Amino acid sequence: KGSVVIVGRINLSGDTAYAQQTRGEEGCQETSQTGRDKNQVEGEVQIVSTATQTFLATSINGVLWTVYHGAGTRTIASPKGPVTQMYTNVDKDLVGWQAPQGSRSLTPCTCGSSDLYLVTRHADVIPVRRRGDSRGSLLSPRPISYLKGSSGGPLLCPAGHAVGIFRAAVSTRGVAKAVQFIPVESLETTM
């Protein structure tokens, strides 16, 4: 199987969040096969792809994290070739690689706030009220299509710290009313 490939990023650096593509589909396929990706990486949230799926990955504390259901055990492409996972936990649906040079990491949240914000692959910033250790409700439910492809993205607190990694959606008749996430403390213990 090929490597996971960074194909874009969610730009959160200014006042407006927006998605940027950094590699098209043909270059993605080539880079997945070689594992050699010379592109410059920037930012906290990467858009990533395999031959068959596309999703997100988020840097927290120097590790680029994503979901096992997207990445499996795959290496990630890098300027020096394929990079093997540093963390794999199928029970948490969690994998991680060393964060690429040029990326910026989020800091784990320590404030205990329940007012969260989910960042999607389309750079929507979606308010979510935390409802448990691993769940939160959308303030404005929407069709699940709007969340598809955003696993591996972050939930952030009002100060912009990482609270969790988006894992699964709670859906009724195709409407997403809530999200399920890997809490950052689960990452912190993994580290």
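Don't overthink the numbering: it's just position in the shown sequence, from 1.
Checklist entry - Looking at the deposited entry, does 54-62 or 121-129 carry the larger mean Cα B-factor? => result Per the PDB record, 121-129.
Checklist entry - Mean C-alpha B-factor higher for 104-112, or for 88-96? => result According to the PDB entry, the answer is 104-112.
Item to check | Given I182, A169, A19, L12, the residue at which the Cα B factor reaches its maximum | outcome: That would be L12.
Checklist entry - Which of these has the highest Cα B-factor in the record: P154, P141, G149, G70? => result Most elevated C-alpha B-factor of the set, per the entry: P141.
Checklist entry - Lowest, middle or highest third: where is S134 by C-alpha B factor in its chain? => result Ranked within chain, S134 CA B lands in the middle tercile.
Checklist entry - Mind checking which third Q29 falls in for C-alpha B-factor across the chain? => result Highest third.
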